[PDB]
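These notes are about the structure you will find just below.
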Amino acid sequence: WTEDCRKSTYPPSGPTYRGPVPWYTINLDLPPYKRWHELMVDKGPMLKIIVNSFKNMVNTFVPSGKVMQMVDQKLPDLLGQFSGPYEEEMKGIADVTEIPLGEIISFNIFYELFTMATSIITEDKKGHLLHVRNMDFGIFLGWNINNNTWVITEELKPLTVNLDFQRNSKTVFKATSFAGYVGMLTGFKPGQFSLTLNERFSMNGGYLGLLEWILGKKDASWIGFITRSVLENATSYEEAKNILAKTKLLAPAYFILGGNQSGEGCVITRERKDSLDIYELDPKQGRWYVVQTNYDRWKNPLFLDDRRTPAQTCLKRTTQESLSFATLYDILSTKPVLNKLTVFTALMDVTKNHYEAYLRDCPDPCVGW
Ligand SMILES: *[C@@H]1O[C@H](CO[C@@H]2O[C@@H](C)[C@@H](O)[C@@H](O)[C@@H]2O)[C@@H](O[C@@H]2O[C@H](CO)[C@@H](O[C@@H]3O[C@H](CO[C@H]4O[C@H](CO)[C@@H](O)[C@H](O)[C@@H]4O)[C@@H](O)[C@H](O[C@H]4O[C@H](CO)[C@@H](O)[C@H](O)[C@@H]4O)[C@@H]3O)[C@H](O)[C@H]2NC(C)=O)[C@H](O)[C@H]1NC(C)=O
Ligand SMILES: *[C@@H]1O[C@H](CO)[C@@H](O[C@@H]2O[C@H](CO)[C@@H](O[C@@H]3O[C@H](CO[C@H]4O[C@H](CO)[C@@H](O)[C@H](O[C@H]5O[C@H](CO)[C@@H](O)[C@H](O)[C@@H]5O)[C@@H]4O)[C@@H](O)[C@H](O)[C@@H]3O)[C@H](O)[C@H]2NC(C)=O)[C@H](O)[C@H]1NC(C)=O
Ligand SMILES: *[C@@H]1O[C@H](CO)[C@@H](O[C@@H]2O[C@H](CO)[C@@H](O)[C@H](O)[C@H]2NC(C)=O)[C@H](O)[C@H]1NC(C)=O
Ligand SMILES: [Cl-]
Ligand SMILES: [Cl-]
Numbered sequence: 006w007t008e009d010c011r012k013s014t015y016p017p018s019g020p021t022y023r024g025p026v027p028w029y030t031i032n033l034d035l036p037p038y039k040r041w042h043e044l045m046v047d048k049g050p051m052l053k054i055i056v057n058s059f060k061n062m063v064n065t066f067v068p069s070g071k072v073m074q075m076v077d078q079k080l081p082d083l084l085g086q087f088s089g090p091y092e093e094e095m096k097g098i099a100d101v102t103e104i105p106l107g108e109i110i111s112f113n114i115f116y117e118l119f120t121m122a123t124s125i126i127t128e129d130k131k132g133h134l135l136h137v138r139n140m141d142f143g144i145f146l147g148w149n150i151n152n153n154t155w156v157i158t159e160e161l162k163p164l165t166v167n168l169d170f171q172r173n174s175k176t177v178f179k180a181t182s183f184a185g186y187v188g189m190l191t192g193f194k195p196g197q198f199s200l201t202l203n204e205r206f207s208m209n210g211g212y213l214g215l216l217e218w219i220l221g222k223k224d225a226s227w228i229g230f231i232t233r234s235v236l237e238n239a240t241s242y243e244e245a246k247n248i249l250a251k252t253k254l255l256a257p258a259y260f261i262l263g264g265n266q267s268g269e270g271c272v273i274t275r276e277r278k279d280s281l282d283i284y285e286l287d288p289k290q291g292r293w294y295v296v297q298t299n300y301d302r303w304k305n306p307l308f309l310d311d312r313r314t315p316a317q318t319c320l321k322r323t324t325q326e327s328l329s330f331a332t333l334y335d336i337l338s339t340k341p342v343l344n345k346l347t348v349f350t351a352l353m354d355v356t357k358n359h360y361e362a363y364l365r366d367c368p369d370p371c372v373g374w
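Position in the sequence shown counted from 1, then plus 5, gives you mature numbering (1 follows the signal peptide of the UniProt record, and there is no 0).
Rendered as structure tokens:
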């Protein structure tokens with residue numbers, strides 16, 4: 006079920022609003038191992054539940070139990086040590102929650118593969134940029150007939166957190182993530198740039214990237230880890246763009262990157278080895294937005310999953326003269342851009358240092374895809 010462009014959905018309320026996203030300060034001055042301990046006090050019980058769901062469903066489809074045995078006993082050794090800070094951060098999470106490290110690593114692997122998204126950057130007539138996104142998730146292990154949801158997708162909602170990463174008590178970047186995950190998929194560096202990651206599918210894909218890694222070719226970056234390293238350590242739109250366009254990746258991806266002034270917005274369509282396309286704002290020629298879902302801009306959607314066309318229609322209807330968090334939230338609340346897989350909606354304003362995220366629901370009748 007789809008619908009006409011929504012209006013009057015902001016500030017959030019009603020049946021598509023699950024609730025607010027809590028803020029946590031992550032202190033980069035702490036040793037990596039300790040950075041997540043305070044968050045785990047609050048969200049550790051929920052992380053234990055989501056890994057329980059994954060384990061139990063895998064052990065249902067593979068009743069020998071041998072896959073989860075490999076996850077728990079061998080997966081860390083197959084991949085080898087991660088570069089810092091990620092190894093120690095994940096070990097800290099595993100140790101405080103008493104979850105096997107291989108399951109934390111597996112959780113961190115989920116985000117290289119099973120997300121869907123709608124990401125939008127807009128530029129108004131004053132040159133002001135907004136960057137918004139829906140974060141969708143579907144691993145499709147468990148269906149709950151009693152409320153028409155996917156088990157793991159729903160369990161991500163209480164794991165969702167807004168994070169203020171600080172060094173010397175000063176914000177470096179802000180992000181929305183899931184407790185237990187140490188990469189980043191959504192965030193901004195105030196006054197500098199904003200970044201969202203959308204999954205991309207291809208036959209030279211993440212499954213092959215993992216195989217190459219296991220077989221000893223480790224020159225590549227994990228997509229959630231390069232995103233985190235850019236947010237944490239890059240200092241400008243152009244620097245971020247260069248890193249994201251050129252770094253070798255474990256999996257294909259779309260990077261949606263906004264800056265801090267007119268014209269600074271692009272979609273970088275990535276193969277593992279390089280950029281297939283960089284599509285940038287061109288306000289002088291009437292190109293005042295970019296919209297990216299999970300298919301290549303020059304190709305047709307997957308017939309049964311076209312969120313790009315409705316997002317673009319609602320944007321064109323809104324026009325460049327009525328761009329704000331409120332009107333962009335309206336778009337991200339319109340089915341199928343909002344769908345049963347939508348975990349959260351995030352809204353970013355780099356130059357005004359405004360960052361919001363909201364947990365979502367999509368009441369029946371709603372598309373599951
Ligand atoms: C659709 O159903 C999902 C599954 O729920 C089951 O099926 C439905 C149909 C009912 O029969 C229900 O009774 C079944 O259990 C449902 O998923 C549930 O979502 C909630 C809300 O996110 C989760 O709540 C979190 O619970 C953990 C503790 O969970 C344990 O204890 C509770 C209380 O006894 C049990 O109900 C659980 O089964 C577990 O045994 C908390 O740690 C966690 O707290 C943290 O997050 C909240 C924010 O939500 C903060 O306020 C806190 O401070 C903490 O930071 C949550 O309270 C629940 O775990 C989850 N269940 C499962 C099994 O995944 C889903 O939301 C439904 N979706 C829709 C659209 O209706
Ligand atoms: C962004 O860039 C920075 C700068 O390159 C990256 O920071 C480095 O990260 C690696 C991996 O985690 C660290 O390497 C470890 O260092 C351990 C020793 O750490 C102590 O001694 C260091 C001197 O050798 C010292 O620099 C370090 O202080 C740093 O960390 C403290 C704890 O967080 C913090 O309070 C300090 O202010 C300072 O930031 C420690 O006191 C060693 O045991 C390990 O084997 C490993 O080698 C580096 O220490 C980090 N360097 C700095 C200057 O922070 C960072 O990871 C990048 N971020 C991303 C996401 O990619
Ligand atoms: C947008 O970002 C750019 C790039 O970081 C900013 O320009 C830099 O500003 C710093 C000061 O923090 C200077 O040290 C650099 O020399 C500047 N670089 C360039 C290429 O000019 C710019 O100030 C930001 N603009 C806004 C409006 O925030
Ligand atoms: Cl699921
Ligand atoms: Cl919730």
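Heads up, the beta-carbon is just placed ideally off N, CA and C, and yes, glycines get one too.
Asked: Quick check on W155: does DSSP put it in helix, strand or coil?; Found: strand
Asked: Just grab the DSSP bridge partners of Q171 for me.; Found: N32 and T176
Asked: Considering only residues of the same chain and omitting the five flanking positions on each side of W293, which have a CB-CB separation below 6 angstroms?; Found: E128 and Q325
Asked: Can you name the residues that DSSP bridges to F198?; Found: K194
Asked: Once you ignore the five residues that flank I144 on each side, which residues in its own chain have a CB closer than 6 angstroms to its CB?; Found: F119 and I157
Asked: On the DSSP letters alone, give me the boundaries of the alpha helix (DSSP H) that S280 sits inside.; Found: Counting along the chain, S280 falls outside any alpha helix (DSSP H), though it belongs to the beta strand (DSSP E) covering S280 to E285.
Asked: If we call anything under 8 angstroms between Cβ atoms a contact, is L249 one with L262?; Found: yes
Asked: Applying the criterion that 16 or more other CB atoms from any shown protein chain within 10 Å of the CB defines a buried residue, is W148 buried or exposed?; Found: exposed
Asked: For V177 and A316, I'd like the C-alpha separation in whole angstroms.; Found: 31 angstroms
Asked: How about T240: is its Cβ closer than 7 angstroms to a heavy atom in ligand 3?; Found: yes
Asked: Which of helix, strand or coil does DSSP assign to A245?; Found: helix
Asked: Beta carbon of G196: closer than 7 angstroms to some heavy atom of ligand 3?; Found: yes
Asked: Indicate the three-state DSSP secondary structure (helix, strand or coil) for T318 in the structure shown.; Found: helix
Asked: Measuring CB to CB, does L84 end up less than 8 angstroms from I110?; Found: yes
Asked: Helix, strand or coil, according to DSSP, for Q290 in the structure here?; Found: helix
Asked: Report the start-end ranges of each alpha helix (DSSP H) in the segment 87-149 that is 4 residues or longer and not cut off at the edges.; Found: 91-102 and 106-115
Asked: In the DSSP assignment, what residue or residues form a beta bridge with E361?; Found: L352
Asked: Less than 8 angstroms separating the beta-carbons of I126 and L320?; Found: no
Asked: Which complete alpha helix (DSSP H) runs does the segment 27-72 hold, if anything under 4 residues is left out?; Found: 42-66
Asked: Give me the pocket residues for ligand 5, defined as CB within less than 6 angstroms of any heavy atom, sorted by chain position.; Found: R23, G24, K162, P163 and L364
Asked: To which residues of the same chain is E269 closer than 6 angstroms at the C-beta, ignoring the five residues directly before and after it?; Found: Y242
Asked: Alpha carbon to alpha carbon, what distance is there between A180 and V46?; Found: 20 angstroms
Asked: Run the proximity test for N64: is its beta-carbon closer than 7 angstroms to any non-hydrogen atom belonging to ligand 1?; Found: no
Asked: Can you list, in chain order, the residues of its chain whose CB lies under 6 angstroms from that of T123, leaving out five sequence neighbours each side?; Found: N139, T298, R312, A316 and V342
Asked: Are there 16 or more other CB atoms within 10 angstroms of the CB of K194, so buried, or fewer, so exposed?; Found: buried
Asked: Quick one, are the C-beta atoms of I98 and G185 less than 8 angstroms apart?; Found: yes
Asked: Starting from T274, follow the beta strand (DSSP E) in both directions and report where the run begins and ends.; Found: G270 to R275
Asked: Closest to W28 by C-alpha separation, out of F330, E361 and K223, would be which residue?; Found: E361
Asked: In the DSSP output, which residue or residues are listed as bridge partners for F183?; Found: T165
Asked: Among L364, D224, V372 and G373, which has the Cα closest to the Cα of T21?; Found: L364
Asked: Using only the alpha-carbon positions, how far apart do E159 and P81 sit?; Found: 27 angstroms
Asked: Please report the straight-line C-alpha distance between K12 and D335, rounded to a whole angstrom.; Found: 6 angstroms
Asked: So what does DSSP say about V295, is it helix, strand or coil?; Found: strand
Asked: For residue 381, does the count of other Cβ atoms within 10 angstroms reach 16, so buried, or fall short, so exposed?; Found: In the structure as shown, the chain starts at 6 and stops at 374, and residue 381 therefore has no counterpart that could be examined.
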